[PDB]
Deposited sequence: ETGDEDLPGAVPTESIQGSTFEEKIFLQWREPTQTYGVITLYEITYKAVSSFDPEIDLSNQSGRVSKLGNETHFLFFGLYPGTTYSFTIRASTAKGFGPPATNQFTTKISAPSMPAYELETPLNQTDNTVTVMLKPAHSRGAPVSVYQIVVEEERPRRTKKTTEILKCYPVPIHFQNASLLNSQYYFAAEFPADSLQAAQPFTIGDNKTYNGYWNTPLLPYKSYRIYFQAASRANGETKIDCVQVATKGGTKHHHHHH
């Protein structure tokens, strides 16, 4: 039977939904390696809403080239990989290492009463894809947005947009109406009344922080003339 794959030769370059797995051949080989068998298994995730009990599988990589690309993984998730080499007589001992996929931006959902100074929209919660949703943001743009800007500074900084509101994701845990321009302050952002002679498009934005990376996505929810 062939030997073990060296554990520290196993190296992975990770993406949101892929891991490129790479190793070296067994230290001693009896015969010729016909295939490698890799077991994969999710060990943990930063995503608060995920089922790990079925995030498992097995691949038989034919040939003896010492790499394989794993598609269909879940973001923000640590997968354990166990590799066995097979000679025509059978499998050698297992080697194991583990790697973590990157987090992706939360899943964005796909007007109610427009007045001279305001617009109200039905906000729908975004869903975690590798990390919780941390904050939602509402962006007002004059005719995504990683740089937050408060209305009071938007003219001096000469920005076409401002952040009208920001909420922690424990607010908006079910669908709720929200009024652009209600003059209230949300997380230090002033939901300034819209100007009745200006035209605006309004965006709903969501962010995930975990593992030191931050990922954001956004969707347009309304226009006002």
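Not built in the structure, per the record, are deposited positions 1-6, 117-121, 155-167, 250-258.
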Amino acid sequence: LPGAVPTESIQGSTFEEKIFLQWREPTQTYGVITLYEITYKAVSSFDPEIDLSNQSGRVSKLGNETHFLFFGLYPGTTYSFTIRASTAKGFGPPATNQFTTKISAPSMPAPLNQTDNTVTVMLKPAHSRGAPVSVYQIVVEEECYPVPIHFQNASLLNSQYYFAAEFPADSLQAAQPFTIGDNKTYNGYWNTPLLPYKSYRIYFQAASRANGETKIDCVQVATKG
From here on, numbers count along this sequence of modelled residues.
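Higher average CA B factor: 24-32, of the stretches 181-189 and 24-32. The PDB entry records a higher mean C-alpha B factor for 116-124 than for its counterpart among 72-80 and 116-124. Per-chain ranking of the deposited C-alpha B factor places residue 154 in the middle third. The deposited CA B-factor of residue 130 belongs to the middle third of values across its chain.
For residue 211, the recorded CA temperature factor ranks within the highest third of the chain's modelled residues. Ranked by Cα temperature factor within the chain, residue 39 sits in the lowest third according to the deposited record. Residue 86 sits in the middle third of its chain by CA B factor, as recorded in the PDB entry.
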